[PDB]
Structure formats: C-alpha cells, structure tokens
Amino acid sequence: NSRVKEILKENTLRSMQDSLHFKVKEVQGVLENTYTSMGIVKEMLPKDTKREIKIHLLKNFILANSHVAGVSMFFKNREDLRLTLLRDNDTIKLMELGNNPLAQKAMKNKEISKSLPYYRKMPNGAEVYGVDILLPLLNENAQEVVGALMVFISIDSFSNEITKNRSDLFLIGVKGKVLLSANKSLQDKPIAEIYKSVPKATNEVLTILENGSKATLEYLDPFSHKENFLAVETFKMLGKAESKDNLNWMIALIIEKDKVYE
Amino acid sequence: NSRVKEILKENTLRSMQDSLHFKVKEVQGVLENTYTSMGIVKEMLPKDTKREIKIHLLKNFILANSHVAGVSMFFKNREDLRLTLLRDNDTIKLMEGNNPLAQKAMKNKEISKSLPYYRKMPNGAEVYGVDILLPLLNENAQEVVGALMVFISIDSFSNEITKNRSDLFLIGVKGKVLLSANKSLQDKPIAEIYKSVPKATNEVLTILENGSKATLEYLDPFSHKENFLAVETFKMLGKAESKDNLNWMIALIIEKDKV
Ligand SMILES: [Ca+2]
Ligand SMILES: [Cl-]
Ligand SMILES: [Zn+2]
Ligand SMILES: [Zn+2]
Ligand SMILES: [Zn+2]
Ligand SMILES: [Zn+2]
Ligand SMILES: [Zn+2]
Ligand SMILES: [Zn+2]
Ligand SMILES: [Zn+2]
Ligand SMILES: [Zn+2]
Ligand SMILES: [Zn+2]
C-alpha cells in the first residue's frame, strides 16, 4: 500500500518545486525591476539638471518601487545634493552623508553592491528590516566618480509575496539568516540555531545555499512536531549583475506530509 | 483498486494542473516586468535629454530585458531620433516610421502589436517574435510626438518552456504554434497539425477564445499514445486595456500511462 504514499510524494515534490520556482522568479523579478529602475536614476541624476529635477527623480523612483523604503543621494562637490528620502506613508526629505560608509563603498565599486540585512529606524519610529543597494554616480563622459546612490530595500515589504495569506514560505539570506517568515520571531536569526534539532537537514540547506543550488528534503519541524516536505531554491539577489556582492538568497517551501497522505 | 486509482488519477492531474498554472504565471510575469520596464522607457524618452542619453537608455533597456531582441524609436520632429537597436551578439545601432501599426498606435494613442513573424537579425539569424508599439507623448501628455517599438523574441521563451523538456507548447492566436520542442510545428496552426483529432483541437481553440482553462485527453497521432492535455490561457499584453491583448496559451501533455 505505502507505494501509494510514495507516488503522492513524487507528485507533491514535483509541484512544490514548480510552485517554489515561480515564487523565486517573482521575488527576483521584483528585485530586478528595482535595479533596472536604479540604473535609470544612476544615469540621469549626475546629468546637467537642476536640483528640483533630481528631487523630482528620487520621489518618483520611490513611488514606482513599493518595496523601496528609502533612497539617498550624495554628490562630492554639491552640498545641496546630499539628501535622504524615507518612506513615511508619503516621502520625508532629510538633508545631510560623506562620512557614511555606505556612500563611500558605493563610490569604490563600479558594479551594483549591497550591505547586509539590518533594522532601520524610520520617521514614524518603527523598525524596518531591510538591506542597502549601492551604485556610483558618474559625470558626463563617465570619467569621474562624482556621487553615490544608496537604496534601502525593505525586506519586511515582501510580506505580500511570502507571508500574506500563507505561512509555508521562508526567505533566507547569506549564512542561512532568516530574512522573512510567517513566524515573526525568527527574523534575523540563523537556521543553524532555529533548526539545530535537525542538523543534518540544516547542513544540507546551508550547503545548497553556499553553492547556489536547489533541492528537496524532509525534516521534523520543531514548532509543529510534524514532518514536512521541504523544497529550497537559491537565486542571485542582485539579479543579472556580475558583482562581487551578487550572492545567493534562498526561498524555502514546506508542506506537512500528513496533508498529502490520505 | 477502485478508490486507489481515483486517488492517483486526480492527485496526478492536480499536480499536472498546478505545474502548468505556475509556468503560465512565470511566463506572464516575465512579460509584465518587461512591460513595466517598457513603460519607463516610454515616459523618459520624450523628456528633455540629449540623443546620447536616449540611446543609452534604450541600450540599457534591451540588456535588462533578456526577451527583447530589438527596440526602435521614432520622433515626428527629431529625425536624429529615428533609430533601431538590435541584438547582434552584442547591440548594434541602425538608422531608419512608415509602419501602419506605428501610425495606428500614434493616431489612436493605443498600444498595438504585430502578428508573429520572422525577423532577420544583424548576424543573419532569423528570430520568431512579435512587435509591440507604443505612442510617445510630450511632457504635458496631450500630444503624440513619436513611437516606441519593442521586438519581443518568442524564441527566447524556450528557456522557460522548451529547454530540457518536450512536454510544453506555447499557442498563440487561433491555435498558431508559437513555440514547441518540435521546431517544424512553429508558425503552423494546431487545427491542421492535429486535424485527426478535431474534438480536442476545437476544444483547445474554444478555450483559447474564451480565455478559459481545462484538462482533456486525446490520442496523439505522432506518438500514437493516449495523453492528457492541460491548457491554460493568459493575456499576452498583460493588464493593458487594448483590443490587441489577445489570449495566448501554454499546453502540457502527460502520457496517460503515468497516471
Ligand atoms: Ca514544470
Ligand atoms: Cl499573436
Ligand atoms: Zn516632482
Ligand atoms: Zn520626470
Ligand atoms: Zn511586491
Ligand atoms: Zn517519518
Ligand atoms: Zn475522478
Ligand atoms: Zn491558473
Ligand atoms: Zn526569461
Ligand atoms: Zn524558470
Ligand atoms: Zn507509455
């Protein structure tokens, strides 16, 4: 009889990976839209335009990128072009930069680069878990680095794709850090600690993350005490960019085996 | 053997259906993100910028959207902005307007698409694809000043549909085979290819017209094997309100043996 459960397993794993594969392309496609939008800002910001047009550009960049929660502009030789725009249910512009190590890193890397996830205190006093995306600004003939573009992407804003009306997905960053899960208390914590009761399963997932592969496996969930089918799939979180910092993110999809078997 | 078979049949067909659903959602997601990117190019092109800026933005547009093989812009009052950018192992800039669909798109302020066709590329290769033409408007958004052409490579979607498998088919308007592992079938309608099964092909074409989805079974006259057939349609121009936003379809065959 159990060969029936075995076919049910075969069929469930197939659709998990197809389902998971879509979720990855969806999230990565969203990140790609933002990077594409950033490259346009990058191109226009340093052109011979007046301040208000540059502000006009940063505001519209936030408006059209719902997952962007902030953007900063820095210019070496123009004081009035050192601004930070943070999402405050609208946009709040704060004048300022220069000593910011993110602006300095942006100007020393030709390719799009990143920081690591972190909590930013927002104008309304709330904490937003996110990550910074960096680009350099170049003058007309591309000869000189003249400024920096710094984009704060909200990881919490991906709740729409990961946790809205479902609880079977995790977003995992480098070193196996949980970036977003339905279990809010897991954010910013490593899976080696969360799931230390299944070190063989976690060590495979972490290996799959480091190598940029994909896989399916089983594990006993320590929270539900039920065995889950688990599908993982990594993806380059900076997109098509060839960059030192274009590392692997991972999305996990779980299905408790009991629901399949009947 | 009774309840077991029923459990296996409908669980395998559900897995087949869900898999096709997520492939359809992958494809139209790739298209819509390309359309979002195109809308950005659309709005920036009329803005006050130098020729070199417009060119590099179109060049960046092609490189960011891997399914676009070509893009062209035409300005009514800027002859130096009548250009075509095509993939050529890299990107090649050519100079050119008289396209009746560009006139249609401009005069009516509506998006319009061409029929699928074969474009001869710079390197001599022939690429099956579709043209999507958009009007360009001035800053005040009241007068049409030009047109933007985007040549989407249908063949480039083999990475999602045809690579490493032969169980998927992309079907266009009136059952035209747009993409298939069997390349000889491209640009040919299913009504002729599978004339021997009018019941299934007529179902397919009705599903295509109604924008519906369904699973059915048919005897494939090529493989001589009983197969299931899951189909699902989708608007190929995304959410654009336009009488040219016809339904495309992805079809998935699974040999009835597996069930
Ligand atoms: Ca599939
Ligand atoms: Cl068509
Ligand atoms: Zn404005
Ligand atoms: Zn503008
Ligand atoms: Zn989103
Ligand atoms: Zn067990
Ligand atoms: Zn039944
Ligand atoms: Zn569907
Ligand atoms: Zn693709
Ligand atoms: Zn894919
Ligand atoms: Zn067989």
Side-chain angles (χ1 to χ4, degrees), chain A residues 1 3-44 46-50 53 56-57 60-61 64-66 138 140 142 161 239-242 253 260-262, chain B residues 1 3-4 6-8 10-41 43-45 48-49 53-66 139 159-160 168 252 254:
Chain A
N1 153 83
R3 203 145 196 171
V4 151
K5 298 173 176 180
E6 176 182 73
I7 294 134
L8 262 49
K9 178 180 185 175
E10 170 197 317
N11 288 341
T12 295
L13 296 173
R14 173 199 312 152
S15 54
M16 283 186 70
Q17 291 189 117
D18 296 332
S19 175
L20 171 59
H21 174 63
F22 157 77
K23 182 56 57 174
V24 170
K25 288 270 295 231
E26 186 194 30
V27 165
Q28 188 183 44
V30 166
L31 291 160
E32 273 266 68
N33 288 330
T34 302
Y35 307 145
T36 294
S37 180
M38 280 180 58
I40 292 161
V41 167
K42 161 188 171 58
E43 187 72 28
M44 295 309 309
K47 299 298 178 284
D48 193 13
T49 60
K50 208 212 73 192
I53 295 285
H56 168 80
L57 203 54
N60 289 2
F61 166 76
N65 292 278
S66 59
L138 294 129
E140 315 313 311
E161 290 87 3
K240 306 186 199 313
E242 170 179 85
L253 176 59
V260 180
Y261 294 153
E262 270 117 299
Chain B
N1 187 85
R3 175 153 158 87
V4 172
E6 171 65 4
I7 276 168
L8 290 191
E10 222 125 339
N11 170 272
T12 297
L13 270 162
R14 231 164 62 253
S15 188
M16 148 181 219
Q17 288 168 171
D18 290 347
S19 157
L20 174 65
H21 170 68
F22 285 118
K23 179 59 66 183
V24 158
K25 258 156 71 183
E26 181 181 7
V27 171
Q28 67 179 327
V30 163
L31 283 167
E32 182 56 60
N33 288 336
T34 292
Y35 298 150
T36 298
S37 202
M38 288 163 50
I40 305 324
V41 182
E43 294 292 310
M44 296 297 178
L45 276 170
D48 170 56
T49 58
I53 291 172
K54 309 194 199 299
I55 291 195
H56 191 229
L57 297 185
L58 285 171
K59 194 170 274 167
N60 288 345
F61 163 78
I62 291 193
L63 296 173
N65 297 269
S66 50
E139 263 121 85
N159 286 270
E160 290 85 357
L168 290 174
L252 170 60
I254 190 70

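Note on naming: letters A, B, ... go to the chains in the order of the sequence lines (proteins, then strands), and numbering restarts at 1 for each one. The figures that follow rest on heavy atoms only: side chains count, while hydrogens, waters and symmetry mates do not.
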Turns out that what part of B:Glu32 lies under 4.5 Å from chain A's heavy atoms comes down to neither
Find the distance between OG (A:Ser19) and NZ (B:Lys25) and round it off to the nearest 0.5 Å. 7.0 Å
Interatomic distance, A:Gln17 atom CD to B:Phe22 atom CZ [nearest 0.5 angstrom]: 13.0 Å
Between the CZ atom in B:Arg14 and the OG1 atom in A:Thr12, the distance rounded to the nearest 0.5 Å is 7.5 Å
Working to the nearest 0.5 Å, report the span between CD of A:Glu43 and CG of B:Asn60. 6.0 Å
What part of A:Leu57 is in contact with chain B, defined as an atom under 4.5 angstrom from a non-hydrogen atom: side chain, backbone, both or neither? side chain
Decide yes or no on side chain to side chain contact (heavy atoms under 4.5 Å, CB included) for B:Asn11 and A:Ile7, but give the supporting numbers first. CA-CA 9 Å; B:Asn11 170 272; A:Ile7 294 134; 5.6 Å; no
Indicate the atoms forming the closest heavy-atom contact of A:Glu262 with B:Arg3, along with that distance. O-NH2, 3.8 Å
CG/B:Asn65 to CG/A:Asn33 distance, rounded to the nearest 0.5 angstrom? 8.5 Å
Given side chain to side chain contact (heavy atoms under 4.5 Å, CB included), test A:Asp18 with B:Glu26 step by step and report yes or no. CA-CA 10 Å; A:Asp18 296 332; B:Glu26 181 181 7; over 6 Å; no
Between CG of B:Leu63 and NZ of A:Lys240, what distance do you get to the nearest 0.5 Å? 10.5 Å
Heavy-atom side-chain proximity of A:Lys47 to B:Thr49 below 4.5 angstrom: no
